[PDB]
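> Input protein_32.txt, format and content: compact mmCIF, C-alpha atoms and all ligand atoms.
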# COMPACT_ATOMS: atom_id res chain seq x y z
CA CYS A 1 8.26 -20.22 -2.02
CA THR A 2 6.06 -18.68 -4.70
CA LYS A 3 3.10 -16.52 -3.69
CA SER A 4 0.17 -17.99 -5.67
CA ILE A 5 -2.80 -19.92 -4.24
CA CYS A 6 -2.36 -23.74 -4.26
CA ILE B 1 -0.51 -8.66 1.99
CA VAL B 2 0.66 -8.88 5.60
CA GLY B 3 0.90 -5.68 7.63
CA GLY B 4 -0.81 -3.53 5.01
CA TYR B 5 -3.98 -1.47 4.90
CA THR B 6 -7.26 -1.49 3.01
CA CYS B 7 -6.50 0.32 -0.24
CA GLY B 8 -9.95 1.78 -0.77
CA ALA B 9 -12.27 0.69 -3.57
CA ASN B 10 -10.74 1.12 -7.01
CA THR B 11 -7.81 3.20 -5.76
CA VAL B 12 -5.45 0.78 -7.57
CA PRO B 13 -7.26 0.70 -10.91
CA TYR B 14 -4.58 -1.31 -12.73
CA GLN B 15 -4.83 -4.19 -10.24
CA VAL B 16 -6.56 -7.27 -11.59
CA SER B 17 -7.53 -10.60 -10.05
CA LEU B 18 -6.85 -13.82 -11.97
CA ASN B 19 -9.75 -16.18 -11.30
CA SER B 20 -10.14 -19.89 -12.01
CA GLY B 21 -13.30 -20.33 -9.98
CA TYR B 22 -11.39 -18.63 -7.15
CA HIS B 23 -8.78 -15.88 -6.88
CA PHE B 24 -5.33 -17.40 -7.38
CA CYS B 25 -3.00 -14.58 -8.49
CA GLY B 26 -2.91 -10.88 -9.21
CA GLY B 27 -1.85 -8.99 -12.31
CA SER B 28 -1.46 -5.47 -13.68
CA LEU B 29 -3.31 -3.95 -16.64
CA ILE B 30 -0.80 -2.38 -19.05
CA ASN B 31 -3.15 -1.54 -21.91
CA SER B 32 -6.77 -2.22 -22.70
CA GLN B 33 -6.03 -5.76 -23.94
CA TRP B 34 -2.94 -6.92 -21.97
CA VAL B 35 -2.09 -7.87 -18.38
CA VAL B 36 1.33 -8.52 -16.82
CA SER B 37 1.53 -11.29 -14.24
CA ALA B 38 4.00 -13.90 -13.00
CA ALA B 39 4.96 -16.95 -15.09
CA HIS B 40 4.32 -19.24 -12.12
CA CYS B 41 0.68 -18.14 -12.24
CA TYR B 42 0.23 -19.81 -15.66
CA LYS B 43 -2.64 -22.26 -16.03
CA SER B 44 -5.61 -22.88 -18.28
CA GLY B 45 -8.99 -21.39 -17.56
CA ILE B 46 -7.93 -17.87 -16.56
CA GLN B 47 -10.64 -15.24 -16.20
CA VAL B 48 -9.32 -11.72 -15.64
CA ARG B 49 -11.40 -9.65 -13.21
CA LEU B 50 -10.93 -5.90 -13.54
CA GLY B 51 -12.48 -3.12 -11.46
CA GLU B 52 -12.57 -5.32 -8.36
CA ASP B 53 -12.55 -4.36 -4.71
CA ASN B 54 -14.51 -7.02 -2.80
CA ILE B 55 -13.66 -10.11 -4.85
CA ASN B 56 -16.50 -12.09 -3.25
CA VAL B 57 -19.35 -9.64 -3.99
CA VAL B 58 -20.58 -8.11 -7.24
CA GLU B 59 -20.47 -4.42 -6.25
CA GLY B 60 -20.52 -2.62 -9.56
CA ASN B 61 -17.77 -1.57 -11.99
CA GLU B 62 -16.41 -5.12 -12.46
CA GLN B 63 -15.39 -6.42 -15.87
CA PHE B 64 -14.78 -10.14 -16.24
CA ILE B 65 -12.88 -11.03 -19.43
CA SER B 66 -11.43 -14.41 -20.35
CA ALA B 67 -7.79 -14.69 -21.23
CA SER B 68 -7.31 -15.48 -24.89
CA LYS B 69 -3.51 -15.84 -24.71
CA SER B 70 -1.28 -16.60 -21.74
CA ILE B 71 2.36 -16.16 -22.72
CA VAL B 72 5.04 -17.22 -20.23
CA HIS B 73 8.55 -15.90 -20.79
CA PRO B 74 10.29 -18.57 -22.90
CA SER B 75 13.22 -18.58 -20.48
CA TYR B 76 11.14 -18.88 -17.32
CA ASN B 77 12.72 -21.44 -15.02
CA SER B 78 10.34 -22.92 -12.50
CA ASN B 79 13.13 -24.00 -10.14
CA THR B 80 15.11 -20.75 -9.92
CA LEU B 81 12.12 -18.50 -10.76
CA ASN B 82 14.32 -16.54 -13.15
CA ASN B 83 12.25 -14.68 -15.76
CA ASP B 84 9.06 -14.98 -13.69
CA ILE B 85 6.85 -12.93 -16.05
CA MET B 86 3.81 -13.72 -18.16
CA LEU B 87 1.64 -11.67 -20.51
CA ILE B 88 -2.10 -12.32 -20.72
CA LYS B 89 -4.10 -11.08 -23.69
CA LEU B 90 -7.76 -10.42 -22.99
CA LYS B 91 -10.34 -11.93 -25.33
CA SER B 92 -11.85 -8.45 -25.76
CA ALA B 93 -10.49 -5.06 -24.76
CA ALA B 94 -11.42 -3.80 -21.33
CA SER B 95 -13.41 -0.58 -21.19
CA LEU B 96 -11.06 1.92 -19.55
CA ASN B 97 -12.45 4.32 -16.96
CA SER B 98 -11.48 5.84 -13.61
CA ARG B 99 -11.71 2.40 -11.96
CA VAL B 100 -10.09 0.35 -14.75
CA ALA B 101 -6.87 1.92 -15.96
CA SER B 102 -3.50 0.86 -17.26
CA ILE B 103 -0.20 1.34 -15.44
CA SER B 104 2.84 2.64 -17.32
CA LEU B 105 5.87 0.45 -17.92
CA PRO B 106 9.21 1.83 -16.70
CA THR B 107 11.61 3.72 -18.89
CA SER B 108 14.43 3.03 -16.43
CA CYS B 109 14.98 0.75 -13.47
CA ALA B 110 14.39 1.96 -9.91
CA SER B 111 17.13 2.60 -7.36
CA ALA B 112 17.47 1.08 -3.90
CA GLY B 113 15.34 2.92 -1.38
CA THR B 114 12.63 3.89 -3.87
CA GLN B 115 9.24 3.61 -2.18
CA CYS B 116 6.63 1.56 -3.98
CA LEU B 117 3.03 0.37 -3.59
CA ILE B 118 2.42 -3.38 -3.49
CA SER B 119 -1.15 -4.65 -3.56
CA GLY B 120 -3.24 -7.81 -3.68
CA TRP B 121 -5.84 -10.14 -2.22
CA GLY B 122 -3.32 -12.55 -0.71
CA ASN B 123 -3.03 -13.89 2.81
CA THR B 124 -2.85 -11.22 5.52
CA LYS B 125 -1.25 -13.45 8.16
CA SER B 126 2.42 -14.37 8.58
CA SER B 127 1.37 -17.49 10.50
CA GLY B 128 -1.81 -19.23 9.43
CA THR B 129 -4.16 -17.96 6.76
CA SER B 130 -6.75 -15.23 6.35
CA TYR B 131 -7.85 -14.14 2.90
CA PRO B 132 -9.34 -10.65 2.65
CA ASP B 133 -12.48 -9.71 0.78
CA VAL B 134 -11.12 -6.30 -0.26
CA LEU B 135 -7.87 -5.19 -1.83
CA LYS B 136 -4.91 -4.61 0.50
CA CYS B 137 -2.00 -2.26 0.02
CA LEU B 138 1.56 -1.98 1.37
CA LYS B 139 4.08 0.81 1.00
CA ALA B 140 7.54 -0.82 0.70
CA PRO B 141 11.04 0.23 -0.39
CA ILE B 142 13.33 -1.52 -2.84
CA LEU B 143 16.30 -2.96 -0.96
CA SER B 144 19.95 -2.74 -1.98
CA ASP B 145 21.49 -5.47 -4.09
CA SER B 146 23.83 -6.40 -1.26
CA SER B 147 21.01 -6.67 1.27
CA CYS B 148 18.94 -8.77 -1.11
CA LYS B 149 21.84 -11.16 -1.81
CA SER B 150 22.61 -11.44 1.92
CA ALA B 151 19.01 -12.39 2.59
CA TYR B 152 18.89 -15.04 -0.18
CA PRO B 153 22.45 -16.07 -0.99
CA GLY B 154 22.87 -17.65 -4.41
CA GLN B 155 19.19 -17.17 -5.31
CA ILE B 156 18.85 -13.60 -6.62
CA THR B 157 19.35 -13.09 -10.34
CA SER B 158 19.67 -9.82 -12.23
CA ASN B 159 15.95 -10.22 -13.04
CA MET B 160 14.88 -10.01 -9.39
CA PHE B 161 14.88 -7.45 -6.61
CA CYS B 162 13.96 -7.48 -2.94
CA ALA B 163 11.48 -5.03 -1.47
CA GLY B 164 9.96 -4.63 1.92
CA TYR B 165 11.34 -4.94 5.37
CA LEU B 166 13.84 -6.94 7.39
CA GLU B 167 12.26 -6.36 10.82
CA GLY B 168 9.25 -8.61 10.01
CA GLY B 169 5.53 -7.93 9.85
CA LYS B 170 5.10 -6.34 6.38
CA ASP B 171 5.19 -8.25 3.09
CA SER B 172 3.33 -9.73 0.17
CA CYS B 173 2.09 -13.30 0.65
CA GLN B 174 0.31 -16.26 -0.98
CA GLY B 175 -2.37 -14.97 -3.34
CA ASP B 176 -0.45 -11.76 -4.14
CA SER B 177 1.76 -13.40 -6.83
CA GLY B 178 1.63 -11.74 -10.19
CA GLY B 179 0.44 -8.46 -8.82
CA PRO B 180 2.04 -5.03 -8.98
CA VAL B 181 4.94 -3.22 -7.42
CA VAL B 182 4.43 0.37 -8.57
CA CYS B 183 7.01 3.08 -7.90
CA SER B 184 6.57 6.67 -9.02
CA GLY B 185 3.76 5.67 -11.36
CA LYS B 186 5.71 2.86 -13.07
CA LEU B 187 5.27 -0.92 -12.86
CA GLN B 188 8.71 -1.92 -11.56
CA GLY B 189 7.91 -5.30 -10.00
CA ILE B 190 5.80 -8.44 -10.08
CA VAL B 191 5.11 -10.31 -6.84
CA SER B 192 7.15 -13.52 -7.20
CA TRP B 193 8.49 -15.37 -4.13
CA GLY B 194 10.06 -15.27 -0.70
CA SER B 195 10.84 -17.39 2.33
CA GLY B 196 7.47 -17.41 4.04
CA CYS B 197 5.75 -14.06 4.47
CA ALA B 198 6.74 -11.11 6.67
CA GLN B 199 9.52 -13.08 8.37
CA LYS B 200 12.47 -11.31 9.92
CA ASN B 201 15.43 -10.97 7.55
CA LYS B 202 13.47 -12.48 4.63
CA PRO B 203 12.03 -9.73 2.42
CA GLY B 204 9.84 -10.33 -0.59
CA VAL B 205 11.38 -11.03 -3.98
CA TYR B 206 9.98 -9.47 -7.16
CA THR B 207 10.48 -9.80 -10.90
CA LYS B 208 12.41 -6.80 -12.19
CA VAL B 209 10.07 -5.45 -14.87
CA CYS B 210 12.47 -2.86 -16.26
CA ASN B 211 14.54 -5.71 -17.74
CA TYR B 212 11.56 -6.86 -19.82
CA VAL B 213 10.10 -3.71 -21.34
CA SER B 214 11.38 -4.43 -24.85
CA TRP B 215 10.29 -8.07 -24.60
CA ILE B 216 6.82 -6.97 -23.48
CA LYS B 217 6.53 -4.50 -26.34
CA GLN B 218 7.68 -7.00 -28.96
CA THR B 219 5.45 -9.76 -27.66
CA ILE B 220 2.40 -7.50 -27.68
CA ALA B 221 3.25 -6.19 -31.14
CA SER B 222 3.44 -9.72 -32.59
CA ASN B 223 0.25 -11.03 -30.94
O1 LIG A 301 -15.62 7.05 -13.71
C1 LIG A 301 -15.61 7.08 -14.96
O2 LIG A 301 -14.50 7.03 -15.59
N1 LIG A 301 -16.88 7.17 -15.72
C2 LIG A 301 -18.20 7.33 -15.08
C3 LIG A 301 -19.39 7.05 -16.03
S1 LIG A 301 -20.57 8.40 -16.46
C4 LIG A 301 -18.31 6.30 -13.96
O3 LIG A 301 -18.16 5.10 -14.25
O4 LIG A 301 -18.52 6.62 -12.76
CA CA A 302 -16.49 -7.54 -6.72
Any chance you could give the structure as structure tokens?

Amino acid sequence: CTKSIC
Amino acid sequence: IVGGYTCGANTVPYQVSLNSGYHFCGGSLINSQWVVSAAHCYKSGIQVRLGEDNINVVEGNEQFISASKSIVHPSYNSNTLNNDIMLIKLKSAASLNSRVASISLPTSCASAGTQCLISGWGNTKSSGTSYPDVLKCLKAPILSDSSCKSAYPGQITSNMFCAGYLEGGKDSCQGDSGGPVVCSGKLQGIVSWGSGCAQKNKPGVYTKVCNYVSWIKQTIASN
């Protein structure tokens, strides 16, 4: 699970 | 950042916010015209915001500069997250000052147990969501290779490391991606991924910057 905002 | 503390305005002067009409990722200033971030943060329309503390208020000492180039590692793999690194060139050079400053690249990799500073404007909750106005900070150690592989079997490449905690409560989180892991004054990591945030036995995973120093230098030199 990547840690950007989506 | 979950379980961290308010850094203090401009105490992390290499930390940038990547903004597309909202904060979506962090990054690290490495010279007056170049930022390091994560490949999975790539998109069009990136504005780099330097000098920030409260990202929702114009306080003074901000510089907003559009990206002119956004260069993902050619071998970035969006499924495995191997080579999760991107370079952003700024349309114009940032004005460097006490609040806007570059961070040095490593000359060697860091050892397990090295303490580092991880920072960002990401979610501060391990369950649910709360996005902070001001920059948050976390002191965190690099974990051993064996601990990292035990936490994420089959998923850790030589271009990744784990940092943080196994007891829960302290981690980077959504909105921190692309931002810095700084150890002894060197940019050793990029916030990349993990299983949730601040969960027991599931530390954060970070791109291992020391493997990319020559690539960074060559890419900057040719652009
Ligand atoms: O802090 C710096 O590096 N320069 C002064 C400007 S006189 C300031 O911006 O406060
Ligand atoms: Ca601001």
> Provide as a list in words the residues of chain B at most 6 Å from chain A, counting all atoms listed in the file.
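So the residues of chain B near chain A are residues 24, 25, 173, 174, 175, 176, 177, 192, 193, 194 and 195 of chain B.
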> Report the closest atom pair, with its distance in Å rounded to one decimal, for each residue of chain B that has an atom no farther than 9 Å from ligand CA 302 (chain A); count only C-alpha atoms and all ligand atoms, sort by chain and then rising residue number, and write it as CSV.

residue,atom,partner,partner_atom,distance
B:49,CA,A:CA302,CA,8.5
B:50,CA,A:CA302,CA,9.0
B:51,CA,A:CA302,CA,7.6
B:52,CA,A:CA302,CA,4.8
B:53,CA,A:CA302,CA,5.4
B:54,CA,A:CA302,CA,4.4
B:55,CA,A:CA302,CA,4.3
B:56,CA,A:CA302,CA,5.7
B:57,CA,A:CA302,CA,4.5
B:58,CA,A:CA302,CA,4.2
B:59,CA,A:CA302,CA,5.1
B:60,CA,A:CA302,CA,7.0
B:61,CA,A:CA302,CA,8.1
B:62,CA,A:CA302,CA,6.2
B:133,CA,A:CA302,CA,8.8
B:134,CA,A:CA302,CA,8.5
> Need the shell around residue B:98: protein/DNA/RNA residues with any atom at most 10 Å away, counting all atoms listed in the file. Skip same-chain ones fewer than 3 positions apart. Format as a ChimeraX atom specification?
/B:10-14,51,61,101
> Quick one: distance from atom CA of residue B:140 to atom CA of residue B:75 in Å, one decimal?
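Spanning atom CA of residue B:140 to atom CA of residue B:75 is a straight-line distance of 28.2 Å.
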> Suppose you want the space between atom CA of residue B:116 and atom CA of residue B:141; what is it in Å?
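Interatomic distance here is 5.8 Å.
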> When you draw a straight line from atom CA of residue B:153 to atom CA of residue B:215, how long is it in Å?
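Distance between the two atoms: 27.7 Å.
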> Identify, on the basis of only C-alpha atoms, every residue whose closest approach to stretch 31-36 of chain B does not exceed 8 Å; exclude the query and any residue fewer than 3 positions from it along the same chain; express the result as a list in words.
residues 27, 28, 85, 86, 87, 88, 89, 90, 91, 92, 93, 94, 95, 96, 101, 102, 103, 178 and 220 of chain B
